[PDB]
Amino acid sequence: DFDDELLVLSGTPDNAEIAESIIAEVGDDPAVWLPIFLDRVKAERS
Amino acid sequence: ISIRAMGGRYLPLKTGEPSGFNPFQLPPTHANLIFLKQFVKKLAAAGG
């Protein structure tokens, strides 16, 4: 499924305002923080 | 009349009478916290 990349590429101020939170908590590197951003996405997705 | 005849709850919402249902006793899981945060962020509209 491409939704794991849709919720990344698609424009959403709501999703961005928690992406910013998770990057603020861990801002090491996009190659590094991508799995945990997907993790928090799965955390809100229900 | 029909929904009562089918033996289920029908809530006749009307102005001036207490609502009867409210989110006070909601479950506390993090997903439910997500929803309730979203709701209070949507209820707030009088705040421009």
# chains A, B, ... in the order shown; residues from 1 in each chain; ligands from 1
call {"tool": "residues_around", "arguments": {"residues": "range 37-41 of chain B", "least_positions_apart": "4", "cutoff": "12 Å", "atoms": "only C-alpha atoms", "output": "PyMOL selection string"}}
result
(chain A and resi 14+44) or (chain B and resi 22-23+26+28+30-33+45-48)
call {"tool": "closest_atom_pairs", "arguments": {"of": "chain A", "to": "chain B", "cutoff": "8 Å", "atoms": "only C-alpha atoms", "output": "Markdown table"}}
result
| residue | atom | partner | partner_atom | distance |
| --- | --- | --- | --- | --- |
| A:43 | CA | B:31 | CA | 7.3 |
| A:44 | CA | B:31 | CA | 6.1 |
| A:45 | CA | B:31 | CA | 7.8 |
| A:46 | CA | B:31 | CA | 5.4 |
call {"tool": "atom_distance", "arguments": {"atom1": "CA of residue 24 in chain A", "atom2": "CA of residue 37 in chain A"}}
result
11.2 Å
call {"tool": "residues_around", "arguments": {"residues": "residue 19 in chain A", "least_positions_apart": "5", "cutoff": "12 Å", "atoms": "only C-alpha atoms", "output": "list in words"}}
result
residues 7, 8, 11, 12, 13, 14, 24, 25, 26, 27, 30, 33, 34, 35, 36, 37, 38, 39, 40, 41 and 44 of chain A
call {"tool": "write_last_selection", "arguments": {"atoms": "C-alpha atoms", "output": "tab-separated table (two decimals), in the first residue's frame"}}
result
chain	number	residue	atom	x	y	z
A	7	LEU	CA	0.35	10.45	4.65
A	8	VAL	CA	3.92	11.69	4.17
A	11	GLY	CA	-0.50	18.04	2.54
A	12	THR	CA	-1.99	18.19	6.04
A	13	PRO	CA	-1.36	20.97	8.57
A	14	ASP	CA	-2.65	18.60	11.26
A	24	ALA	CA	11.48	18.36	17.91
A	25	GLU	CA	11.74	15.40	20.28
A	26	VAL	CA	14.27	13.67	17.97
A	27	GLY	CA	15.79	15.77	15.18
A	30	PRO	CA	15.41	12.21	8.29
A	33	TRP	CA	13.59	9.72	12.41
A	34	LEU	CA	11.46	8.38	9.54
A	35	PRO	CA	10.60	5.03	11.24
A	36	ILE	CA	9.60	6.76	14.47
A	37	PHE	CA	7.54	9.34	12.58
A	38	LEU	CA	5.72	6.43	10.96
A	39	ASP	CA	5.39	4.94	14.45
A	40	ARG	CA	3.67	8.04	15.82
A	41	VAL	CA	1.52	8.05	12.67
A	44	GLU	CA	-2.67	8.41	16.01
call {"tool": "atom_distance", "arguments": {"atom1": "CA of residue 44 in chain B", "atom2": "CA of residue 10 in chain B"}}
result
28.0 Å
call {"tool": "residues_around", "arguments": {"residues": "residue 1 in chain B", "least_positions_apart": "6", "cutoff": "12 Å", "atoms": "only C-alpha atoms", "output": "PyMOL selection string"}}
result
chain B and resi 7-12
